[PDB]
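Colleague: Here is my input; please provide its structure:
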Amino acid sequence: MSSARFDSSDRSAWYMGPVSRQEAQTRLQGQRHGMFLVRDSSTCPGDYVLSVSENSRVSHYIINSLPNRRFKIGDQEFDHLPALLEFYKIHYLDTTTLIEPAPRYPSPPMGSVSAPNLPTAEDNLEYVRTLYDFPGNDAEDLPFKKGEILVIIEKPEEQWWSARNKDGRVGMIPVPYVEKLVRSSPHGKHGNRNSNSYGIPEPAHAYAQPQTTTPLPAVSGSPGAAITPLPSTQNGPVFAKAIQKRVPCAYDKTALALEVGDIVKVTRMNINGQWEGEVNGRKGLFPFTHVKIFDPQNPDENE
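Modeller: Numbering: from 1, shown residues only. Take a look:
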């Protein structure tokens with residue numbers, strides 16, 4: 001299952017525009033984690049600032065307006081904004097990937113307000129220096145020296161921390177190698193503790209198929225959102241084919257279960273992702289289910 005999905009194109013989905021340090025931080029103060037927003041750079045006019053929520057600890061990634069009409073996020077340059085968002089779908093920024101953007105109207109009740117990167121306290125994990133120098137020279141492994149200052153821009157693991165070098169380059173670095181400045185000490189609960197090492201236990205992927213380099217030509221263009229009341233079209237209900245296996249969940253009470261080769265009868269499709277459809281003796285909501293919208297009634301695209 002994919003955790004990272006969103007759109008990676010919709011300016012009205014992830015672009016938060018007028019926000020700024022205070023607004024950005026409080027809109028991503030924990031929230032649900034794995035949520036991000038690209039606002040207008042309150043630091044430098046013309047640039048942007050991708051703030052990402054993890055550990056109640058919104059890591060701020062600055063995106064530059066390159067004159068060749070490209071974007072450069074913290075030493076790492078890509079071809080465009082939605083391209084870095086796509087790369088971080090498998091990168092894991094802080095300790096998670098870019099699941100989905102934060103709603104542009106993320107009105108919260110209370111409790112989590114502002115809190116400038118608070119995974120524990122105002123001490124540990126943010127400014128660390130390294131003394132042992134491990135110059136791997138990668139974005140996977142930070143080349144740190146024998147007395148540089150690092151910023152733990154990401155802390156996915158307990159034994160490895162992803163800090164930006166004296167250069168500002170993001171890479172993973174060993175804890176027994178470091179030197180954190182204004183910090184108390186390992187107090188157990190005082191150390192954030194994402195978890196005592198993660199682990200996905202599914203023996204079905206003991207020898208899993210690699211992700212594989214395969215750039216697929218996905219049909220792009222312009223936001224297809226017809227707000228028009230739909231004129232003389234004589235269209236009826238919407239039919240979708242379940243092209244991927246879709247079982248329910250432990251917290252499922254309205255999640256439709258579908259599978260490959262089944263035709264989902266959906267009359268009500270909500271713009272929140274979960275459509276209302278009645279299929280095999282059971283009707284409920286489905287997150288598109290992993291289906292594809294088509295028309296099995298006409299001969300034009302009968303195949």
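
Colleague: show me the contacts for the residue nearest the centre of the chain.
Modeller: Central residue of the chain (CA atoms, centre = their mean): residue 98, 0.8 Å from the mean position. Each residue near residue 98 by CB atoms under 8 Å, 6 or more residues apart in numbering is listed here: 4, 6, 34, 36, 52, 85, 88-89. C-betas here are computed from N, CA, C, even on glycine.

Colleague: got a winner among those residues for most neighbours?
Modeller: Ranked by neighbour count (other CB atoms under 10 Å), the contacts of residue 98 have residue 52 at the top, with 29 neighbours.

Colleague: contacting residues around the helix or strand where that residue lies?
Modeller: Using DSSP states H and E, residue 52 maps to strand 48-53. For strand 48-53, the external contacting residues (CB under 8 Å, 6+ apart) are 24-25, 27-43, 58-63, 65, 71, 73, 81, 84-85, 93-94, 98, 102.

Colleague: and the residues you listed, which are buried?
Modeller: Burial by neighbour count, judged by 16 or more other CB atoms under 10 Å, picks out 24-25, 27-31, 33-42, 58-63, 65, 71, 73, 81, 84-85, 93-94, 98, 102 from the contacts of strand 48-53.

Colleague: the helices in the chain, which residues?
Modeller: For the chain, the helices defined by DSSP state H cover 11-14, 21-27, 81-87.

Colleague: Now tabulate the ones you listed in a markdown table and tack on distance to residue 245.
Modeller: Formatted as a markdown table, the helices of the chain follow (distance: least, CB to CB, whole Å):
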| stretch | distance to residue 245 |
| --- | --- |
| helix 11-14 | 27 |
| helix 21-27 | 35 |
| helix 81-87 | 24 |
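
Colleague: Can you list the strands that the strand holding residue 52 pairs with?
Modeller: Strands adjacent to strand 48-53 in the sheet, as given by DSSP bridges, are strand 35-40 (antiparallel), strand 59-66 (antiparallel).

Colleague: Kindly export it (C-alpha atoms) in PDB.
Modeller: Output in PDB follows, covering the C-alpha atoms of strand 48-53 (Å, rounded to 0.1, in the frame of the first residue of the first chain):
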ATOM      1  CA  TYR A  48       9.100  29.200  -1.200                       C
ATOM      2  CA  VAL A  49       9.200  27.200   2.100                       C
ATOM      3  CA  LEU A  50       8.000  23.600   2.300                       C
ATOM      4  CA  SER A  51       7.100  22.900   5.900                       C
ATOM      5  CA  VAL A  52       6.600  19.300   6.800                       C
ATOM      6  CA  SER A  53       4.900  17.900   9.900                       C
END
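
Colleague: Quick check: the gap between residue 117 and residue 56.
Modeller: Going from residue 117 to residue 56 by CB to CB, to the nearest Å gives 8 Å.
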